[PDB]
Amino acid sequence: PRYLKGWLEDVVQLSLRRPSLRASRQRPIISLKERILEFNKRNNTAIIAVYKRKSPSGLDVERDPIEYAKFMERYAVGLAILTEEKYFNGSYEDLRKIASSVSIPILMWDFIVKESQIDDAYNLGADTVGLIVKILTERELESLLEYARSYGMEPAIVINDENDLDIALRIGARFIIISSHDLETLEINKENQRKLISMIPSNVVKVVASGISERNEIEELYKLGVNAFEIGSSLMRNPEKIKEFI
């Protein structure tokens, strides 16, 4: 991993040691990436709803994972489940319960830094993972991206800026999440948004993570070529806001 400071350093350190579980998927791998393109083809807004109990920026919510899931399953293109333990108070048990209850694509949101976390995600029933450019060395990224493809996943690559993008297009990314979070502070800043998205080629599925909250922002981002929308906080507070985003 890169040398990092603050909570990020600790979560990465913490993530190396994350223990992996004995499991059996279960259903077959479904493609979150390809689900996005059908919803585009169908003129259906495509929201990836995130499940998280806590966040470092201050999010603090009680809500049952399965009731969240069973509910989003009718509305949402996919679900992202935090399974990081310390700062977001997730775990593998949230992924487990969520996969047996629903039949839509699931992304496992964590700080992926080694192979067994990809094994656990596969084994626990996740359809894909997130890989974060700012935490990995370019070689680590290339390697973890291949590994997940050996299983059949097309992993989201997560980027914050043009350097991140230049690395991801070099390794051959097909599925990109554009974060507006400052990774060390977080801390949303969208000044750089339009410009990043304008540089990604048209054969890469693009997803925006952005504390979106209003319908009209979704509309403005369509106009720039974005495929879909990763939405956490507001939906974790009121799952019903989803109906407004269609």
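We number the residues from 1 along the sequence you see.
Asker: Mean C-alpha B factor from the entry: is it higher for 36-44 or for 187-195?
Answerer: Between 36-44 and 187-195, it is 187-195.
Asker: Could you check which stretch, 208-216 or 60-68, carries the larger mean CA temperature factor in the entry?
Answerer: In the deposited entry, the stretch with the higher C-alpha B-factor mean is 208-216.
Asker: Sorting 235, 224, 228, 23 by Cα temperature factor from the record, which one lands on top?
Answerer: Checking the PDB record, the top C-alpha B-factor among 235, 224, 228, 23 is at 23.
Asker: From 99, 173, 107, 131, can you pick the one with the highest C-alpha B factor in the entry?
Answerer: Result of the comparison over 99, 173, 107, 131: 99.
Asker: Could you look up the Cα B-factor of residue 115 in the entry and say which third of the chain it sits in: lowest, middle or highest?
Answerer: Its C-alpha B-factor, which the entry lists for residue 115, ranks in the middle third among residues of this chain.
Asker: Would you please rank residue 55 by its C-alpha temperature factor against the other modelled residues of its chain and give the third it falls in: lowest, middle or highest?
Answerer: For residue 55, whose C-alpha B-factor we compare with every modelled residue in the chain, the answer is the middle third.
Asker: By the record's CA B-factor, is residue 159 among the lowest, middle or highest third of residues in the chain?
Answerer: Tercile = lowest for this residue's CA B-factor.
Asker: With respect to C-alpha B-factor, does residue 140 fall in the lowest, middle or highest third of the chain as deposited?
Answerer: Highest third.
Asker: Could you tell me which third, lowest, middle or highest, the C-alpha B-factor of residue 89 occupies within its chain?
Answerer: Ranked within chain, residue 89 CA B lands in the lowest tercile.
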